[PDB]
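K.L.:
only geometry, no sequence info:
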RNA sequence: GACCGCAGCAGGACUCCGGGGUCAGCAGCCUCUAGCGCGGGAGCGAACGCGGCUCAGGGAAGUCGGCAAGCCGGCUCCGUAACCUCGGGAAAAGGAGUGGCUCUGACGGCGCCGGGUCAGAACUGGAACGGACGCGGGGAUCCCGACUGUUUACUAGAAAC
RNA sequence: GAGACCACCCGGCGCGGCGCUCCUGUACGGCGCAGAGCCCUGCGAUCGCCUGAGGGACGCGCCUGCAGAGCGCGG
């Protein structure tokens, strides 16, 4: 929802990110990023607040595994500058399984969530315990 | 055969030849349009880049994530010492283009301008302008030349020199430039305005306004001979590549049988005359004013000079113009600034709540040395 | 005439390979003395050589205090530079202590 | 200006400088510089480090 | 250091004697004795090459193939799977400790008088310790040849012999 | 501030100091009613204090000091 401001995209394709929701997915492999035009040789890149197509790891519930699913990045270890000059980073790269319509597969989100993801996706902000 | 995969070309062919700038400093080339019937104004000023700062400002862009929010942006301070007008030049729009209809110099020319006319001042005849001062100094000769300009000149320009003494750089010779007089009801009104400014300092505050956009012309930082990876931005080859990987692998096809001007080739990387257009002017002020960089938030003295002084520049003794963002060139390099030819229509109103006066040498934690003294005790 | 001048050996070997520090530093002292005593020929006392190489070829002491004495006459003007040993280099600058 | 404080250096961070890190503990740690951060990341204790104001509080330098 | 390769040729060519420290070491790293400063010197600190060093976030998405690098590694104690020709696998896989000081036990030859290993405890130190050096990354499969060996000196070390 | 060499931009340069600021992280030494303990009244890794110290700098300001502009070449 809404125009975003370019931030530093720290997660290239192949990044395995932790899963913050209670979807029974332990890790989310990153197949690709939504709204990515490409340049020759450039791996798709994703930042906080971005829909990426993920695949649940072997550790995940089998029902969720073997399916390409949309997810929103809510944490990133790469430091990024908000237009207010604030440079922020998370301890771990994370994601929540969301449908393009914003609906969350998991009821709750365990851990801190970034402001960018909370503002872009209303359902993330409502379920977030904290929005740092 | 075809390239197989579509990729753009690396680099702008418009900026070729990428050679060391022959022109000594940044040159204005095209000045902003006259817009006859506007107020009479000077379109350009020369200053020397002091350094960057970082300021907090209140954004009023409607239709934005930052509307009614605060943003920290890079600001470049260019030390602009007052420039004394020394001569008026008039050009006519002939069928062969703008052709000079003579320049009328002042009756008394300052020593910094004189220094420009010799390679070494101490070992020189110092004969420049000797006859002219004798012919002039009554003003009658100058008046006749001004009248000739009113009768035959279409474009009036002022020749002014930066006084290098007021700047920290080790120059002594003054940089002399032409500043087009614009906005005139008549050419003679333009000559009259220029004559008033003759032998008289001109200030940035009386050339440019705050919130207005300028174009910064200057030669850029130089890196010397560079490779095609760091000159044209070409892809480094895989590390298995024998004979090195930092090179364009194929410099052309069998036909044409001669390398093209497009193909990327190693050579000079910096010292290029560039123009950075549409930079908005955050503040024009004097360093002599003690509270120039003080804001309602600061509640301290705060002046343009940072703690520890400007790295690789100096003390900015006099007037300065702080622009928004980066301009071409390193510190000390002259930057000619002109009114923007094509300004960005939608630019956010400038409101500054904080300017960084912390040390740019190292990491500074204190805006002013009195705070540093208090902390250490 | 005698000149007491400090030379920063760390500035002289800056920009030069660290293996060539001490032989470069010896050359630098001769050139600086040539400017200081306006003589073409500079002769360094073995004490100056011993001090520069005290920490080996890679590291030169940060500063050297040198007593340089103009000797000779009638175009035989030369400088004999001996190493002065000082506890610290504080408010130390060149001293044209020598008269005549 | 609005100025925070390093969570390790214990020194005021002027606007526009430093980095913030939010850990899974849900706490935002404002850091003066990479040195303030790396000392915290490598677990090094700030009551051991002399410059940090936590040491200065402990040894009565900043009582 | 003079032999043999056109040469006072980063090429080969048989032996004898072989100190100290660190260490399991004739390893590596420094040094005593002895030898000695090699077909040349300066300046500069471009691209590029070569021999290295480091790199945010991700982690093979690069590529014909993880080529190259990187990881691992010393010792002590735990803890070890399938399979197997019962010998192995196996350092399987994995973990944990390690410095310096100040002590306490053991162990011979006693009055004496030697030992230098193996334990155990305090106390310390930016959360540090095989602090340089030396020094396996590992696991699951399939094909082939049982194995140790051997080979096209100077493009094939292989499943070939 | 510019560079392979040249050229370019500047020039009484520049060297050594003194401040300022910044980097690292509290110097040697002295002391102590610190110290596990030990055996001696001595040893001892460490710890505190003096000491946001000491050391450093290629950034800024200054000079209190030696200096620094060819009777060189063209012309």
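P.N.:
Received, thanks. Numbers count the residues shown, from 1 in each chain, chains lettered A, B, ... in the order given.

K.L.:
close to chain D: what parts of chain A are there?
P.N.:
For chain A, the contact set with chain D under Cβ under 8 Å from any Cβ of the partner chain comprises A:79, A:85-92, A:111-112, A:129-130, A:132. For the C-beta atoms, the positions are set from N, CA and C on the backbone; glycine is no exception.

K.L.:
ok, now with 10 Å
P.N.:
Residues of chain A lying near chain D by Cβ under 10 Å from any Cβ of the partner chain: A:18, A:20, A:75, A:77, A:79, A:81-82, A:84-92, A:94, A:110-114, A:129-132.

K.L.:
OK, contacts around the spatially most central residue of chain A?
P.N.:
Nearest to the mean C-alpha position of chain A, by Cα atoms, centre = their mean, lies residue A:73 at 1.2 Å. Shown in contact with residue A:73 (Cβ atoms under 10 Å, 6 or more residues apart in numbering or on different chains): A:9-11, A:15, A:17, A:28, A:30, A:33, A:46-52, A:54, A:90, A:93-96, A:114, A:116-117.

K.L.:
could you redo the last one with a cut-off of 6 Å?
P.N.:
The neighbours of residue A:73, taking Cβ atoms under 6 Å, 6 or more residues apart in numbering or on different chains as the test, are A:46, A:48, A:50, A:95.

K.L.:
now do the SS call for it.
P.N.:
strand (DSSP: H, G, I helix; E, B strand; the rest coil).

K.L.:
ok, it to residue B:235 distance?
P.N.:
28 Å (Cβ to Cβ, to the nearest Å).

K.L.:
what of residue A:82?
P.N.:
Applying Cβ to Cβ, the value for residue A:82 to residue B:235 is 32 Å.

K.L.:
neighbour count winner among these two?
P.N.:
Set side by side, residue A:82 and residue B:235 show more neighbours around residue A:82, with 19 against 14, by other Cβ atoms under 10 Å in any protein chain shown.

K.L.:
relative to residue A:4, how far out is the more buried one?
P.N.:
Counting by Cβ to Cβ, the gap from residue A:82 to residue A:4 is 11 Å.

K.L.:
over to residue B:249?
P.N.:
38 Å.

K.L.:
quick one, which of the two is more surrounded?
P.N.:
residue A:4 (14 against 10).

K.L.:
tell me which element the more buried one falls in.
P.N.:
Per DSSP states H and E: residue A:4 is located in neither a helix nor a strand.

K.L.:
now do the same end-to-end measure for stretch B:158-168.
P.N.:
Terminal residues of stretch B:158-168 lie 25 Å apart, using Cα to Cα, to the nearest Å.

K.L.:
where do the helices sit along the chain?
P.N.:
All of this is about chain A. With DSSP state H, the ranges of helices along chain A come out as A:115-120, A:122-127.

K.L.:
wrong chain, I was asking about chain D
P.N.:
Counting by DSSP H, the helices of chain D are D:34-41, D:53-58.

K.L.:
quick one: closest of those helices to chain B.
P.N.:
Minimum separation from chain B across these (Cβ to the nearest Cβ) falls at helix D:34-41, 8.6 Å.

K.L.:
how far does the closest one sit from its chain's centre?
P.N.:
How far helix D:34-41 lies from its chain's middle: 8 Å, per Cα atoms, centre = their mean, to the nearest Å.

K.L.:
same check, this time on stretch B:73-87
P.N.:
8 Å.
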